[PDB]
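J.: PDB entry and its sequence, pasted below:
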Amino acid sequence: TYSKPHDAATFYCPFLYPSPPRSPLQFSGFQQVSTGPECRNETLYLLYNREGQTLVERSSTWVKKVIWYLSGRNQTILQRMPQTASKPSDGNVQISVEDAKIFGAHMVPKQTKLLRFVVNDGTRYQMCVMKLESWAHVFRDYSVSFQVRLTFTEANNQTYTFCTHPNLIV
Amino acid sequence: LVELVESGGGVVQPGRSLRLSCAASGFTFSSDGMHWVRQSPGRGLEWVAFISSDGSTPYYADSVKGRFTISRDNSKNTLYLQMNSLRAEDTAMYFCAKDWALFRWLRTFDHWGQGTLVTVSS
Amino acid sequence: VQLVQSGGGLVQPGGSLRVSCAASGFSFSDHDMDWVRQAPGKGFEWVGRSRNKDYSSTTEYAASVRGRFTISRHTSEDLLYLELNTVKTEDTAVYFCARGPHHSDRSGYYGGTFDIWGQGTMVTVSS
Amino acid sequence: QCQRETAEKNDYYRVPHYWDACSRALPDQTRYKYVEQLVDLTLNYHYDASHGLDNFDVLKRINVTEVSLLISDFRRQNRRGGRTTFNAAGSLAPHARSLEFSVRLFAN
Amino acid sequence: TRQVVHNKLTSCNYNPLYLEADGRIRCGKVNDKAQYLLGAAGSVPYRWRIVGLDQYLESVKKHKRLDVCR
Amino acid sequence: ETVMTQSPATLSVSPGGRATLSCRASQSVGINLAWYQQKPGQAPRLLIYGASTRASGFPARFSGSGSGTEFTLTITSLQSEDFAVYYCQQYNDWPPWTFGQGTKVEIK
Amino acid sequence: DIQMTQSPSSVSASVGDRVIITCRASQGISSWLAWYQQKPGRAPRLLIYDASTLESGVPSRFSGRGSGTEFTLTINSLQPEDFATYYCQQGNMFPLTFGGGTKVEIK
């Protein structure tokens, strides 16, 4: 047997007390199922995760945060940016202005990250940190730019470590 | 390759019945659902009916409810649709369509057959 | 493994000449192919290398011929080309195509020795 | 850039950064593969970061070997694509090594 | 360690050295690419569900222990 | 529950041009929108699924934008093989899966 | 770019004679040296590669030694087929440089 989304959402109806907030990172899809008088006209949302199971949730600030995040995850420009990176001199086919404005809204103008890693340098582990600086801009001409500056350093600006000069045979 | 071949579609007056069929190949016909979507010449698309993977639950459009009966044979990998008790409808092309579930309750038409033309008029 | 040459002959000063060779008994794409030349009564001189199908800059030349000679490969017919455009009098010699190291050999990108040569083609520059 | 038959006159001397300068260039297919992978991983992280989700799952996938080798290739020869739609470059200082790429796309 | 091997030839500036079977250690060439090349490396050794309450009870009565979230 | 409306009914784009065809949802559709291409006298073919992901057999020229209520299909460098009728459909409210009246893209 | 000094410049020996031939490179090349044989009128044939590896099909009498700026290649049991020209080739860096050729003739 297979039911219709309305039956699925109203299965647990009514919802009287709040649900635990969850992170958008865990969810992979969402569906808005509206109800009428049967559940005080409440708007339920069926949230699909990567483990193949549905979570019906009442509209809330965090649920909306999930909706907005999942909404923007699959925007075209995010998907085709790597394919544009693979194609060399002949590689570019223009993008739409609607995605340019969506990219602007979703992507923050600048982000900086420090990420620690350990590399095995013979018998010792050398801790080093990568300072990542990235810019995402949508100019007034609906042009989009993504700049990244990846940098590896030693925890105390030490020279000639094993994170700097890793000397790979290629 | 996935092929859906529609057959059994002719011309009847009102009150008579037509029985479309769709021969499915390229898939076990058991993993996914089948649908019917009609398109009247120069008009939009209209959903007609859906049958669940196990044929236990059928669904129909309000504009067609009561008249039609969808069926499937998971052993034969074949789809039928009996259009009993007919009437006035300009919708000409009936297309058999295979679906695909993105998630439990997220499924849409994935493949379409060449469709059979059905005209119903006295 | 066999290597058969073509081209060569006479060429008017400042003219052009094509020497090519076809490779059999081995995967022409999977090996780098160099050209070597012998002047009458002199030692050998290296002309250049064609890389082993994994590189975008596919040609290397000696400084004297770096600006005048072009090494190329066929799009799909497994042929090696060496075009001597605007040949000079000091380029008169017998040109052999040779096979270099395999793409799984580390040495081939930066150097190597050869192992098989073709029968050669005589290129004579005179008026 | 590195010109062998200049440094190897000596068996007991090598200039600073000789290895990375004189190192074998990356095969085109590995340069493109790694570039596509790194840009995808970092763009996915930037996206998550914008929404306030510091997604460690995307971060762990970054292989420092791939990026370091790209640094060697873009310092070796910088690359571009095009109104150039791509531009990458590598820098090597005694205290830090860095890679800076920029993929731009136009709508107008 | 990278310091001792560099000290074997400081003038190599952390560039690999080459040990011949004779025993002499020299400064390494990028193009010898052999195993006898000290101080180089092939790869870098770097190192950076909703369960219903009924499902929980059912998935806890079996494995009789308390903590079920590994 | 959600009737999908499309506009314009006919859009005249010169070859190789860019067409932005709109689809507006009467009621929330989230990201459950799919676009189908239908060339004359042929069965429809899935074109785009999700709000943006293009289905196999359609080149990168076709981009899918939109969220919530407004969705727009953008077709760049429109070649001869791109002139057909495009329908947008919602798969959020099930019975019935509603389509728009479609938009025809004709040569200018 | 790398000068090649071959010694001796010309040599004569009989069948059964021992010849040793040296080749010198201007700067040190580890082992990227090869030895070739040119029969008059023919194309060259590789004889020894990697300085010491004897190529299959070549008589086992050859044996290569040396390094740096001086390498040596012996021809222990001269055979009636051993009248030809032997040439050294440097493979450490581009451009490859070759010797003047060593003429081995019967006595």
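T.: That came through fine. Numbering: from 1, shown residues only, chains lettered A, B, ... in the order given.
J.: any idea which residue sits dead centre in chain B?
T.: residue B:36 (2.7 Å; CA atoms, centre = their mean).
J.: and it, what is it in contact with?
T.: Neighbouring residues of residue B:36 by CB atoms under 8 Å, 6 or more residues apart in numbering or on different chains: B:20, B:47, B:48, B:49, B:50, B:70, B:81, B:94, B:95, B:96, B:97. Where you see a C-beta, it was placed from the backbone N, CA and C, and this is true even at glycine.
J.: which of the residues you listed are buried? Put it as a ChimeraX command.
T.: The following ChimeraX line selects those of those that are buried, judged by 16 or more other CB atoms under 10 Å in any protein chain shown:
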select /B:20,47,48,49,50,70,81,94,95,96,97
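J.: what is the nearest of the contacts of residue B:36 to chain G?
T.: residue B:97 (63.1 Å; CB to the nearest CB).
J.: and the closest one, which helix or strand is it part of?
T.: strand B:93-103 (DSSP states H and E).
J.: ok, and does that strand reach over to chain F?
T.: Yes. Under the criterion of CB under 8 Å from any CB of the partner chain, chain F is reached by strand B:93-103 at B:95, B:102.
J.: ok, the helix or strand that comes right after that strand: who's next to it in the sheet?
T.: For strand B:93-103, the following helix or strand on the C-terminal side (DSSP H and E) is strand B:106-112. Applying DSSP bridges to the sheet, strand B:106-112 is found paired with strand B:93-103 (antiparallel).
J.: kindly format the C-alpha coordinates of the strand it pairs with as PDB.
T.: Output of strand B:93-103 as PDB, limited to C-alpha atoms (Å, rounded to 0.1, in the frame of the first residue of the first chain):
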ATOM      1  CA  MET B  93      -3.100  11.900 -26.500                       C
ATOM      2  CA  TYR B  94      -2.800   9.500 -23.500                       C
ATOM      3  CA  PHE B  95       0.800   8.800 -22.400                       C
ATOM      4  CA  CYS B  96       2.000   6.000 -20.300                       C
ATOM      5  CA  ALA B  97       4.800   7.200 -18.000                       C
ATOM      6  CA  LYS B  98       7.300   5.500 -15.700                       C
ATOM      7  CA  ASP B  99       8.100   7.300 -12.400                       C
ATOM      8  CA  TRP B 100      11.100   7.500 -10.000                       C
ATOM      9  CA  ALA B 101      11.000   8.100  -6.300                       C
ATOM     10  CA  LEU B 102      13.400  10.800  -5.100                       C
ATOM     11  CA  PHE B 103      12.300  10.100  -1.600                       C
END
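J.: output the longest helix belonging to chain D.
T.: If you go by DSSP state H, chain D has its longest helix at helix D:28-50.
J.: neighbouring contacts of that helix?
T.: A:25, A:72-73, A:78, A:81-83, A:85-86, A:88, A:106-108, A:111, A:113, A:132, A:134, A:136, A:146, A:148, A:150, C:54-56, D:26, D:54-55, D:58-59, D:61-62, D:66-67, D:69-70, D:73, D:88, D:101, D:103.
J.: geometric centre of chain E: which residue is closest?
T.: With CA atoms, centre = their mean applied to chain E, the nearest residue to centre is residue E:45, 2.3 Å.
J.: with adjacent residues omitted, what lies nearest to that one?
T.: Nearest residue to residue E:45, sequence neighbours excluded (CB to CB, 6 or more residues apart in numbering or on different chains): residue A:120, at 3.7 Å.
J.: doesn't residue E:41 make contact with that neighbour?
T.: No. With contact defined as CB atoms under 8 Å, residue A:120 does not count as touching residue E:41 (9.6 Å).
J.: what's the local residue count around the closest residue to chain G within chain E?
T.: Across chain E, the shortest distance to chain G (CB to the nearest CB) belongs to residue E:32, at 5.4 Å. Residues within reach of residue E:32, counting by other CB atoms under 10 Å in any protein chain shown, total 19.
J.: relative to residue C:32, how far out is it?
T.: 18 Å (CB to CB, to the nearest Å).
J.: try residue E:38
T.: 28 Å.
J.: how about residue F:99?
T.: 59 Å.
J.: what's near enough to touch residue A:11?
T.: Contacts of residue A:11 by CB under 8 Å, 6+ apart are residue A:56.
J.: cool, and the one 3 residues further on?
T.: By CB under 8 Å, 6+ apart, the contact set of residue A:14 is A:39, A:40, A:42.
J.: wait, the first one sits on residue A:13?
T.: Yes. At 4.3 Å, residue A:39 and residue A:13 qualify as touching, with contact defined as CB under 8 Å.
J.: comparing the two, which shows the higher neighbour count?
T.: residue A:39 (17 against 13).
J.: quick one: list the elements packing against the strand ranked longest in chain D.
T.: As assigned by DSSP state E, the longest strand anywhere in chain D is strand D:97-105. When contacts are defined as 3 or more CB pairs under 8 Å, 6 or more residues apart in numbering or on different chains; DSSP states H and E, strand D:97-105 packs onto helix A:76-86, strand A:144-154, helix D:28-50, helix D:64-76, strand D:86-92.
J.: so which of those is nearest residue A:46?
T.: Proximity to residue A:46 (CB to CB) singles out helix D:28-50 among the helices and strands packed on strand D:97-105, at 23.2 Å.
J.: buried residues in that closest one?
T.: Buried, per 16+ other CB under 10 Å, within helix D:28-50: D:31-32, D:34-50.
J.: cool, and stretch F:41-55?
T.: F:43, F:44, F:46, F:47, F:48, F:49, F:50, F:51, F:52, F:54, F:55.
J.: give me the nearest residue to the residue in chain E positioned nearest to chain F, chain neighbours excluded.
T.: When scored by CB to the nearest CB, chain E has residue E:50 as its residue closest to chain F, at 19.5 Å. Counting by CB to CB, 6+ apart, residue A:55 is the residue found nearest to residue E:50 once chain neighbours are left out, at 5.4 Å.
J.: so where does the one you found fall, helix or strand?
T.: Counting by DSSP H and E, residue A:55 is part of strand A:54-58.
J.: ok, that strand: who's next to it in the sheet?
T.: Partners of strand A:54-58, by DSSP bridges, with direction: strand A:43-49 (antiparallel).
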